[PDB]
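Peer 1:
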RNA sequence: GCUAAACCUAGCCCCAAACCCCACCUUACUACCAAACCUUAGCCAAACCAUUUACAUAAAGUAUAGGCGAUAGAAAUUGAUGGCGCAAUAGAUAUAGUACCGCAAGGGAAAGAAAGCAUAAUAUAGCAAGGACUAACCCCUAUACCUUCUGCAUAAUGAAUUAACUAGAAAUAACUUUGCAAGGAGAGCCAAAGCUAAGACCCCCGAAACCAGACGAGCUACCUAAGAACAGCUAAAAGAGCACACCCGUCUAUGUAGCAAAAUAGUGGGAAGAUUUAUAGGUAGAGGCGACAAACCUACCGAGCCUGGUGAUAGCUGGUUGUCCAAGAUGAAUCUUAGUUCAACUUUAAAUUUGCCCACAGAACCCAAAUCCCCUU
RNA sequence: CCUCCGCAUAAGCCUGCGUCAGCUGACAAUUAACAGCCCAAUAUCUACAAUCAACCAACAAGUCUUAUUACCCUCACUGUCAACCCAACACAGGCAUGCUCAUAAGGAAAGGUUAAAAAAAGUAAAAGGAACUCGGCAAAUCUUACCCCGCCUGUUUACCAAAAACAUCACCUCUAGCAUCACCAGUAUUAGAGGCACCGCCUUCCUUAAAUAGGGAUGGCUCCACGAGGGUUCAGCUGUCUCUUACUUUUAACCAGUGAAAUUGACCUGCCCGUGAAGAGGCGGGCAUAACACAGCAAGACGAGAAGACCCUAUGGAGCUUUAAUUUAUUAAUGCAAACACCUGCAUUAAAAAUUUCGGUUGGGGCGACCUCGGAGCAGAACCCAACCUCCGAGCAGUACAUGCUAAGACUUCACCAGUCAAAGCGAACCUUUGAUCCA
Ligand SMILES: [Mg+2]
Ligand SMILES: [Mg+2]
Ligand SMILES: [Mg+2]
Ligand SMILES: [Mg+2]
Ligand SMILES: [Mg+2]
Ligand SMILES: [Mg+2]
Ligand SMILES: [Mg+2]
Ligand SMILES: [Mg+2]
Ligand SMILES: [Mg+2]
Ligand SMILES: [Mg+2]
Ligand SMILES: [Mg+2]
Ligand SMILES: [Mg+2]
Ligand SMILES: [Mg+2]
Ligand SMILES: [Mg+2]
Ligand SMILES: [Mg+2]
Ligand SMILES: [Mg+2]
Ligand SMILES: [Mg+2]
Ligand SMILES: [Mg+2]
Ligand SMILES: [Mg+2]
Ligand SMILES: [Mg+2]
Ligand SMILES: [Mg+2]
Ligand SMILES: [Mg+2]
Ligand SMILES: [Mg+2]
Ligand SMILES: [Mg+2]
Ligand SMILES: [Mg+2]
Ligand SMILES: [Mg+2]
Ligand SMILES: [Mg+2]
Ligand SMILES: [Mg+2]
Ligand SMILES: [Mg+2]
Ligand SMILES: [Mg+2]
Ligand SMILES: [Mg+2]
Ligand SMILES: [Mg+2]
Ligand SMILES: [Mg+2]
Ligand SMILES: [Mg+2]
Ligand SMILES: [Mg+2]
Ligand SMILES: [Mg+2]
Ligand SMILES: [Mg+2]
Ligand SMILES: [Mg+2]
Ligand SMILES: [Zn+2]
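Protein chains in written order, with the working numbering: chain A, 9 to 24; chain B, 21 to 128; chain C, 38 to 277; chain D, 739 to 783.
1. In the DSSP output, which residue or residues are listed as bridge partners for residue 159/C?
2. State the CB to CB distance for the pair residue 216/C and residue 162/C, rounded to an integer number of angstroms; the pair is presumed to be in contact (CB under 8 Å).
3. Applying the 10 Å Cβ sphere with the 16-neighbour rule, what's the burial state of residue 164/C?
4. Residue 123/B and residue 79/B - do their beta-carbons sit closer together than 8 Å?
5. Do residue 118/C and residue 105/C have their C-beta atoms closer together than 8 Å?
6. Any idea if residue 125/B is buried or exposed, counting beta-carbon neighbours within 10 angstroms, 16 or more meaning buried?
7. So what's residue 227/C in DSSP terms, helix, strand or just coil?
8. With a threshold of 16 other CB atoms inside 10 Å of the CB of residue 90/B, please say whether the residue is buried or exposed.
9. Going straight from the alpha carbon of residue 184/C to that of residue 191/C, what length do you get?
10. How is residue 81/C classed by DSSP in three states: helix, strand or coil?
11. Starting from residue 118/C, follow its DSSP beta bridges and name the residues at the other end.
12. Roughly how far, in whole angstroms, is the beta-carbon of residue 65/B from the beta-carbon of residue 73/B, given that I think they are within contact range, below 8 Å?
13. Grab me the residues of residue 200/C's own chain with a C-beta within less than 8 Å of its C-beta, minus the 5 sequence neighbours each way, in chain order.
14. Buried or exposed: where does residue 92/C fall if 16 or more other Cβ atoms within 10 Å of its Cβ makes it buried?
15. So, with DSSP's three-state summary, where would you put residue 88/C?
16. Is residue 155/C near residue 131/C, with beta carbons less than 8 Å apart?
17. Say yes only if the C-beta of residue 73/B is nearer than 7 Å to one or more non-hydrogen atoms of ligand 39, and no if none qualify.
18. Closer than 8 Å by C-beta to residue 774/D: which residues in its own chain qualify, once you throw out the five before and the five after it? Chain order, please.
19. So is residue 776/D buried or exposed if we call it buried at 16+ other beta carbons inside 10 Å?
20. One question on the structure: do residue 219/C and residue 174/C come within less than 8 Å of each other, judged by their Cβ atoms?
21. In whole angstroms, what is the alpha-carbon distance linking residue 193/C and residue 182/C?
22. With DSSP as the reference, label residue 27/B as helix, strand or coil.
23. In the DSSP assignment, what residue or residues form a beta bridge with residue 191/C?
24. Can you grab the Cα-Cα spacing for the pair residue 42/C / residue 754/D, in whole Å?
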């Protein structure tokens with residue numbers, strides 16, 4: 009088993 | 021199963037610009053001779069129906085004020101009367117819902 | 038670890054003392070003894086193993102009344118609350134000790150052998166040779182340390198000079214100055230052997246737990262093996 | 739089944755990673771010193 | 001015409017110089033009760049590994065040391081403010097040690113001023129082009145690229161695509177061009193044409209690991225302290241029966257980027273005990289804990305995690321970016337056959353003089369094709 | 001219409017559906033009696049459970065302070081919200097306690113439509129009733145009997161194994177004669193460790209129609225009970241099956257909103273035969289061939305997922321065991337010195353460990369063979385030529401003791417290392433194979 013890797017939250021929380 | 025190759029824009033256009041996918045032109049649209057509004061042949065005129073719904077809502081608010089509580093449906097007919105109207109002979113023995121506006125032209 | 042032994046009480050008392058279980062752990066918090074843990078909560082009754090302890094501002098042989106004989110969670114042998122003068126103390130009850138009995142504790146080494154009555158404590162020099170004894174001291178006034186388990190009885194094998202030879206319940210001889218005190222008879226609860234635990238749960242109540250990995254050395258338990266000498270290496274394990 | 743290994747309790751948090759425990763040993767003091775050198779806003783937990 | 005594209009200073013790099021109110025160690029930021037010092041190891045090199053290696057100038061890589069081998073290695077003596085830097089994927093990680101991730105140690109950002117589509121889907125046939133043609137297609141020709149292989153369209157590897165970034169660092173000795181020349185060199189060094197100076201030449205990513213020091217027992221294993229829960233019926237003081245709560249996880253189906261990094265539904269085991277469970281505390285990494293399953297120790301435990309040594313090492317895989325021309329192809333030893341050293345081959349430059357082909361003559365007794373050798377040519 | 005739901009406390013979180021105006025900002029809010037935050041000391045005290053505590057029943061034996069001396073001032077401080085916490089999420093999971101036992105509390109399975117396949121869940125089913133199948137799995141329904149294993153209740157591979165494995169009372173063996181940190185405030189009827197397994201007694205036929213199934217003719221036995229254990233069976237039951245069908249829900253498909261992931265060299269992406277790095281959409285020869293959606297299928301794209309599984313290699317790791325090699329630094333014993341029990345140094349023996357290694361070529365049904373040198377054939381005639389190839393031989397001896405010293409020129413096992421031959425000369429006389437360096 010290989011653990012999942014989470015991408016940094018800032019990338020997907022951006023707003024205009 | 022996963023795609024074996026990226027689908028090209030040319031193929032994608034052939035697919036998603038097919039007539040089966042294009043929006044069809046509607047040919048049942050016409051003008052309501054009453055008010056001149058657009059309507060579909062088989063459907064009610066939206067504007068006229070909005071008129072009727074608003075008037076119905078007002079009449080129903082009056083009915084609710086008159087009834088005053090749930091489970092008070094009358095066992096007698098109802099008649100809506102506008103300003104300057106009097107219960108007729110056949111309107112006798114029917115609950116009168118009084119409206120403060122004048123009789124609409126389309127209401128008879 | 039922040040382990041401080043519960044055995045901090047300094048003054049003797051009759052009241053059972055709240056004793057903290059160890060789980061077989063050191064003060065470091067690591068397991069030192071395996072198979073220990075859980076069990077019924079127990080209270081410790083301080084046992085006075087120095088049977089000849091004359092009261093304060095008092096001396097010489099003294100008698101004591103057996104207030105009661107009680108079960109002790111912390112021992113195989115049952116104990117006796119026994120009172121003398123104006124004090125009470127817990128002692129190890131002998132086989133036939135009953136409530137209301139009288140017990141004699143003396144330090145007098147009579148020229149003749151004192152009539153050995155079960156339960157009383159005399160210096161070993163005062164006992165007839167061959168009497169059954171328990172709660173034996175190693176040194177005069179040290180306090181009983183040997184022959185303390187239920188039903189155990191040493192034998193006063195010999196008396197010569199100021200030295201007595203005792204047979205411990207392990208059938209090993211021991212030399213003790215005849216001035217050291219011992220109590221006559223075998224310890225109480227003689228049927229402790231015949232008790233049948235019956236189920237694993239009862240041992241778990243008694244605080245014994247099933248524990249593995251009891252050795253912590255590389256490879257675990259390893260029985261001793263005779264290392265062959267060079268001449269015998271040829272025949273250590275002859276193939277069939 | 740897994741994932742919820744953190745069962746928060748402020749008592750354990752402070753007793754395990756607090757300022758007092760960090761200062762209780764030279765190793766913890768060096769932990770604090772490293773955080774200070776790095777410029778951490780939160781030196782201890 | 002959309003998305004976008006672009007920009008220049010915010011700062012940074014390398015040098016020089018100069019030596020730089022109140023609260024808070026208790027659960028930190030809480031007004032106020034009776035004790036420090038102690039060899040680093042290991043990776044790595046030795047093609048394993050075990051001693052060993054691996055934490056001004058000149059004398060000199062000399063004396064010395066060394067499985068006398070890899071390699072290590074003196075001293076006597078001598079005396080000595082700037083930028084052919086970066087300019088927002090660069091330069092500091094930095095707008096910030098912030099956000100965010102982690103229980104913790106710890107990790108640690110981003111950013112400010114073409115591609116893809118749409119205008120405008122599509123026409124028999126085919127690496128999508130080329131030769132063409134009046135003409136887009138129709139005709140004819142044409143088995144993507146890279147890498148790895150004896151040999152790849154290969155149904156071997158890699159690549160959706162665009163932008164940006166991303167990989168040959170240096171000595172010994174040569175050669176070339178200067179200077180001076182039996183001397184050269186700005187002490188030391190070399191010298192039987194040498195010496196002095198310059199020019200040219202030696203990559204990138206990747207393990208599982210090992211050791212040091214921290215951090216972790218809010219999960220889980222076990223334990224300590226003091227708590228709590230266990231209906232109803234049957235039975236009578238039960239590791240008792242049936243069966244709720246509760247705990248578990250037998251079997252089946254579903255789910256399989258899922259509701260879920262282990263769940264759901266049904267079914268099932270225990271359910272007053274060796275039970276389950278809240279709270280706080282303890283045991284720490286060759287260690288703990290373990291009713292031994294190599295089980296568990298913060299989702300990935302035959303030995304945790306983080307930081308450091310560390311740009312570990314890799315005879316192994318992958319990658320290695322302008323144009324053009326030229327020469328260029330199949331034994332020995334080796335813990336060695338996935339490698340290397342020598343040879344052979346190969347390339348360049350230089351010297352001077354025979355080189356290949358080659359008939360006649362010539363090359364063995366024992367018991368065939370040809371070959372070797374060389375006057376001529 | 002639905003709910004082991006709901007309300008509180010704890011824990012956790014920390015303003016996270018209150019108002020207002022434009023998710024953002026502003027404004028507001030939880031008020032102590034509940035809860036937390038305590039105690040002036042010295043000593044001396046404190047045997048007698050609990051279980052309605054009264055009988056009864058025990059064993060596992062069970063939270064249990066006054067005197068004296070000081071001292072009078074008084075209700076401060078803090079928590080109080082929520083639709084909430086741990087799981088990256090408005091996550092079907094995790095989540096203690098008190099009460100409500102179906103709710104007085106809390107909620108909404110259907111965005112609209114249609115009524116396809118496949119798929120999920122459920123209901124019903126003629127006749128039959130295990131013929132299904134590895135197996136009665138699942139479902140439906142009641143049951144019988146018997147074997148194997150383990151005595152039993154328990155524990156275990158969190159996330160493929162719950163078991164016959166582990167533990168377990170019982171029993172056996174070994175070790176220990178003793179106190180102030182475990183064992184243990186214990187003492188041989190004790191403690192520690194290991195083994196074993198409760199306990200107790202002695203030393204071809206049947207089954208079927210058909211039967212690779214099942215049952216029976218210290219050791220040897222005895223299975224009381226138990227078991228989601230593993231087998232077999234009677235009877236029943238059933239859509240397991242003969243042999244499938246119907247309906248409902250979900251999914252589905254269409255409409256509206258929002259909107260991923262693996263994947264992807266480019267593709268203008270056909271069939272047959274042949275060929276080819278040996279399996280062709282793409283090459284050769286034929287055949288076919290307007291262009292596009294939508295829904296299905298899973299034969300191919302050696303289809304997509306982890307530089308898969310398995311096998312081999314690496315002078316790559318790591319683990320384990322040892323009569324592998326090297327050590328005993330450290331402990332434990334001794335001995336010798338050294339200080340007059342304790343301690344230092346030096347030896348020896350152990351324990352415990354520590355570090356390190358796993359040569360090569362050959363051999364599928366073995367129980368190894370080989371590794372250097374030389375002779376013969378392969379390799380016929382200069383030289384040279386392999387093999388797990390076909391055969392043979394050697395690790396020196398005999399001799400003498402010029403079998404000395406020197407030295408032109410040569411050969412050379414395809415490199416080097418090494419190995420050969422040798423005129424002349426000097427000096428006596430008058431020969432025919434194994435191995436380097438360092439180190440000693
Ligand atoms: Mg917990
Ligand atoms: Mg090495
Ligand atoms: Mg010097
Ligand atoms: Mg930057
Ligand atoms: Mg463009
Ligand atoms: Mg390919
Ligand atoms: Mg490959
Ligand atoms: Mg690819
Ligand atoms: Mg815990
Ligand atoms: Mg009950
Ligand atoms: Mg029970
Ligand atoms: Mg366990
Ligand atoms: Mg095992
Ligand atoms: Mg195993
Ligand atoms: Mg982990
Ligand atoms: Mg590398
Ligand atoms: Mg050429
Ligand atoms: Mg060798
Ligand atoms: Mg190699
Ligand atoms: Mg709904
Ligand atoms: Mg719908
Ligand atoms: Mg039927
Ligand atoms: Mg059958
Ligand atoms: Mg049947
Ligand atoms: Mg069949
Ligand atoms: Mg079943
Ligand atoms: Mg069992
Ligand atoms: Mg499992
Ligand atoms: Mg479990
Ligand atoms: Mg299972
Ligand atoms: Mg059968
Ligand atoms: Mg069971
Ligand atoms: Mg839609
Ligand atoms: Mg073919
Ligand atoms: Mg293809
Ligand atoms: Mg289709
Ligand atoms: Mg591979
Ligand atoms: Mg040669
Ligand atoms: Zn109208």
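We put the beta carbon where it would ideally sit given N, CA and C, even for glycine.
Peer 2: Concretely, from the data shown:
1. 219/C
2. 7 Å
3. buried
4. no
5. yes
6. exposed
7. helix
8. exposed
9. 7 Å
10. strand
11. 105/C and 127/C
12. Not a contact, Cβ separation roughly 12 Å.
13. 212, 213, 214 and 215
14. exposed
15. coil
16. yes
17. no
18. 781
19. exposed
20. yes
21. 16 Å
22. coil
23. 170/C
24. 24 Å
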